């Protein structure tokens, strides 16, 4: 191991800047396809994420073809109606007015998976909680999300669809699970605050309400 310490004041600010300004993008994606060098930098970042027992359970299916995107867009439309039907009156009306994906607008989509059987018969760290491999994959997703923000690339997560239908479309095996569908594209404008707060779905919760000292429910 080597010497380490807090980043410089400027470096530190940049990190918090990416965390503080990245957004889930749906409708502002620009049309230019991302270059191979850019994609390589993003995947490289996701690959540097931590992983239970250093399992490195992720895979990335790069989707750029119009037909595939349209196919997946259709899978989303199918499931979203079912989703909306779960709400009523104002909310349902509101839910239907929201844009919850940019699958056809974003020139690139990445299906991020978790190979449930990678790592052998037993994987370190997953022995007592079977979901640790999926969690590891989400860590890869957040790293990508942040690096993309720094690159001027917007990212959007779309979790509204029947997984079995996406797996059939991409040919994903039974032993592999889809953790996230990400829509990517350059963006020149962003919402200063979560889009769902701006459109009155839910507001930012007070952080002081979520932190406890030594025991649950104790401030």
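Numbering follows the first chain given and starts at 1.
- Averaged over CA atoms, B-factors in the entry run higher in 5-13 than in the other of 5-13 and 206-214.
- Between 81-89 and 101-109, it is 81-89 that carries the larger average Cα temperature factor according to the deposited entry.
- Out of 181, 60, 54, 161, it is 161 whose C-alpha atom has the highest B-factor in the PDB entry.
- For the set 75, 141, 121, 148, the PDB entry puts the maximum C-alpha B factor at 121.
- Annotation for residue 41: CA B-factor lies in the middle third of the chain's modelled residues.
- For residue 33, the recorded CA B-factor ranks within the middle third of the chain. Only modelled residues enter the ranking.
- Residue 50: CA B factor in the lowest third of modelled residues in this chain (values from the PDB entry).
- Annotation for residue 156: C-alpha temperature factor in the lowest third relative to the rest of the modelled chain, per the entry.
- Residue 127: CA B factor in the highest third of modelled residues in this chain (values from the PDB entry).
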